[PDB]
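Engineer: Build me a model from this:
(one chain, ligands or ions: 1)
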Amino acid sequence: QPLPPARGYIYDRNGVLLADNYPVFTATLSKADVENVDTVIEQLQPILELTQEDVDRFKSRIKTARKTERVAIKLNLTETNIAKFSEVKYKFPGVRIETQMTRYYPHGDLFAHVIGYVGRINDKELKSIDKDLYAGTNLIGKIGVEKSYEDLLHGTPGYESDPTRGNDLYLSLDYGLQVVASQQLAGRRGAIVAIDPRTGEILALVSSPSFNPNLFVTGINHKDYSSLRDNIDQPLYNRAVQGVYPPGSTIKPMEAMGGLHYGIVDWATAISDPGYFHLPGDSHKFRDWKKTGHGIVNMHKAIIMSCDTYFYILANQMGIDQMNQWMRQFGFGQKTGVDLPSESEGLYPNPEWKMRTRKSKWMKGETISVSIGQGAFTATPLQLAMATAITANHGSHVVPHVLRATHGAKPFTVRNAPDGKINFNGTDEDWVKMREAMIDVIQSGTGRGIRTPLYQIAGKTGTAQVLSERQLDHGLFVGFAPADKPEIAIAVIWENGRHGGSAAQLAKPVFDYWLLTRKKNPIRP
Ligand SMILES: [Zn+2]
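Structural biologist: Numbers count the residues shown, from 1 in each chain. Below is the structure in question.
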């Protein structure tokens with residue numbers, strides 16, 4: 001007799017419950033209790049309102065299952081199913097109505113894109129799974145924390161002639177911060193990631209719009225799923241983790257540090273800005289966002305005024321191979337290594353990539369596009385937050401992660417700290433100077449209008465090129481606070497938000513919640 005284990009709960013950093021189990025009524029039948037099992041299901045079909053899906057799944061498991069095995073026929077029965085079965089109960093001996101545990105998401109939409117959903121164990125999963133371990137377990141993780149920590153959450157089964165519960169997860173995410181971040185993207189497409197730069201802990205992760213993951217737990221009706229999948233605003237899509245955007249001017253502060261590293265520029269190195277750059281012999285004029293230019297432009301001026309010319313000149317000297325090596329140290333161009341499924345690589349374009357994908361050689365014009373966060377350069381909001389955290393913490397590499405603690409019997413190693421330091425040929429002062437530049441983006445630069453009187457925000461705005469709404473430019477903001485001892489770095493992508501200054505507006509409340517509110521009046525359920 002197998003006794004399947006209780007799935008472990010998922011909490012927040014403060015112990016706010018985000019996923020539990022509640023009991024429901026489930027129609028089981030045992031192979032020991034039923035001869036001629038194939039006929040019995042055809043009878044129970046109209047009694048329990050079984051669909052062709054619910055049916056096939058039962059026969060799938062009962063073949064690959066033991067005797068004392070309790071194979072579920074329908075899960076979380078409706079009051080009607082209970083009644084209709086109850087009427088003819090003793091015409092099916094051995095077919096029991098049993099108290100089994102379903103999965104619930106108390107704040108479904110809020111953490112859908114982090115926690116995800118469990119669902120019924122399909123046929124593909126059955127052929128990859130230890131049948132003895134998942135004996136009498138009906139639900140398995142499909143996406144989010146529920147998939148990425150399936151084993152840790154599952155538990156170990158027992159018997160009678162004692163089962164081990166799944167481990168509890170405490171996420172690094174904060175209920176209150178997740179609420180405030182979600183509020184800002186209410187009725188808007190985009191994404192907000194907050195990271196603790198000291199650790200790589202994700203404090204908030206919002207893709208907008210969201211969805212109810214409770215719809216998926218005990219099957220989703222093809223009506224409800226097709227509304228979500230065919231919806232134009234794409235709510236099932238994780239813009240924070242899978243979504244990739246041109247980072248635009250957000251990547252300039254890090255590329256400037258690359259300038260200092262390779263010894264190409266220093267803080268004083270200035271350029272004549274005519275509002276364009278030309279490559280030797282090339283006719284194509286690569287235009288500054290402001291076609292009059294910014295005059296005599298040093299590093300500080302290039303950051304506060306987002307000068308494209310400074311970075312066209314810097315990148316041309318640096319070259320794509322040295323831009324790859326350097327920018328990849330901030331997380332760009334490969335998976336950040338987050339403990340969630342389906343993370344996108346992004347793309348930092350390189351010559352080897354060009355020779356595989358376009359079977360063409362690399363042209364020095366393509367370097368210039370990449371220098372201002374355009375060309376084929378695409379980044380996840382995850383990547384942009386990581387890069388910001390690394391800028392904030394003076395080059396300590398952090399791995400974005402949602403798992404803070406796990407309590408239970410299963411042993412587990414939890415990352416809590418940075419995994420390395422970038423060898424940087426400048427000094428610690430070069431990171432402090434770049435912080436002051438980024439404070440001045442907020443004070444007297446491109447991100448004016450999101451200033452606070454209680455703490456300093458370092459930041460950098462950007463825009464990205466894509467139904468008179470959906471074709472508008474995306475607004476991007478990266479930043480961190482309190483600037484001198486960073487606690488939180490944020491990346492905002494407001495899809496069709498037009499200006500990075502707009503995206504910055506969405507970050508101030510997230511920063512404010514974390515640094516002012518949460519100590520006195522924390523948002524609780
Ligand atoms: Zn300029």
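Engineer: and the residue of the stretch 351-500 of the chain found nearest the ion, what does it touch?
Structural biologist: In the stretch 351-500 of the chain, the residue that lies nearest the ion is residue 372 (10.4 Å; C-beta to the ion). Every C-beta, even on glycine, is put in place using the N, C-alpha and C of the backbone. Contact analysis of residue 372 by C-beta atoms under 8 Å, 6 or more residues apart in numbering lists 248, 249, 252, 308, 311, 312.
Engineer: What is the subsequent helix or strand relative to the helix or strand hosting the third one?
Structural biologist: Think residue 252. Per DSSP states H and E: residue 252 is located in helix 252-261. The element immediately downstream of helix 252-261 (helix or strand, assigned by DSSP H and E) is strand 271-273.
Engineer: what's in contact with that following strand?
Structural biologist: 288, 293, 294, 295, 296, 297, 307, 309, 310, 313.
Engineer: and the fourth one, how many neighbours?
Structural biologist: Applying other C-beta atoms under 10 Å, we find 14 other residues in the vicinity of residue 295.
Engineer: Enumerate the residues of this protein near the ion.
Structural biologist: Counting by C-beta under 5 Å from the ion, the chain comes close to the ion at 273, 288, 293, 294, 307, 309.
Engineer: Just name the closest of those residues to residue 210, please.
Structural biologist: In terms of C-beta to C-beta, no member of those lies closer to residue 210 than residue 307, at 37.7 Å.
Engineer: re earlier: just the ones in helices from the contacts of residue 372, please.
Structural biologist: 252, 308, 311, 312 (DSSP state H).
Engineer: Farthest-apart pair in those, please.
Structural biologist: So, the ones in helices among the contacts of residue 372 by C-beta to C-beta: farthest apart are 252 and 312, at 11.3 Å.
Engineer: More neighbours: which of those two?
Structural biologist: Neighbours per residue (other C-beta under 10 Å) separate residue 252 from residue 312, with residue 252 holding more: 28 against 23.
Engineer: I'd say residue 380 and residue 240 touch.
Structural biologist: Yes. Between residue 380 and residue 240 there is a contact under C-beta atoms under 8 Å: 7.1 Å.
Engineer: who has more neighbours, those two?
Structural biologist: residue 380 (31 against 27).
Engineer: on that earlier part again, how about the CA coordinates for the helix holding residue 252, as CSV?
Structural biologist: This file holds the C-alpha atoms of helix 252-261, laid out as CSV (Å, rounded to 0.1, in the frame of the first residue of the first chain):
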residue,chain,number,x,y,z
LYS,A,252,25.8,52.5,-21.3
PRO,A,253,26.9,52.8,-17.6
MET,A,254,28.4,49.2,-17.8
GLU,A,255,30.0,49.8,-21.2
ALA,A,256,31.6,53.0,-19.8
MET,A,257,33.2,50.8,-17.0
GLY,A,258,34.4,48.6,-20.0
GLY,A,259,36.1,51.8,-21.4
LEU,A,260,37.9,52.3,-18.0
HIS,A,261,38.8,48.6,-17.8
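Engineer: same for the longest helix along the chain, what does it pack against?
Structural biologist: Taking DSSP H as the criterion, the chain has its longest helix at helix 428-444. In this structure, helix 428-444 makes packing contacts with helix 252-261, helix 299-304, helix 381-392, strand 458-464, judged by 3 or more C-beta pairs under 8 Å, 6 or more residues apart in numbering; DSSP states H and E.
Engineer: quick one: buried residues of the last one?
Structural biologist: This means strand 458-464. 458, 459, 460, 461, 462, 463, 464 (16 or more other C-beta atoms under 10 Å).
Engineer: partner residues bridging the fifth one?
Structural biologist: When you say that, I think you mean residue 462. residue 476 (DSSP bridges).
Engineer: show me what contacts it?
Structural biologist: Contacts of residue 462 (C-beta under 8 Å, 6+ apart): 247-252, 306, 373, 475-478, 500.
Engineer: Can you tell me which of those residues are buried?
Structural biologist: 247-252, 306, 373, 475-478, 500.
Engineer: In a markdown table: those, plus distance to residue 9.
Structural biologist: Formatted as a markdown table, those follow (distance: C-beta to C-beta, whole Å):
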| residue | distance to residue 9 |
| --- | --- |
| 247 | 37 |
| 248 | 40 |
| 249 | 42 |
| 250 | 37 |
| 251 | 39 |
| 252 | 43 |
| 306 | 46 |
| 373 | 41 |
| 475 | 37 |
| 476 | 36 |
| 477 | 34 |
| 478 | 34 |
| 500 | 39 |
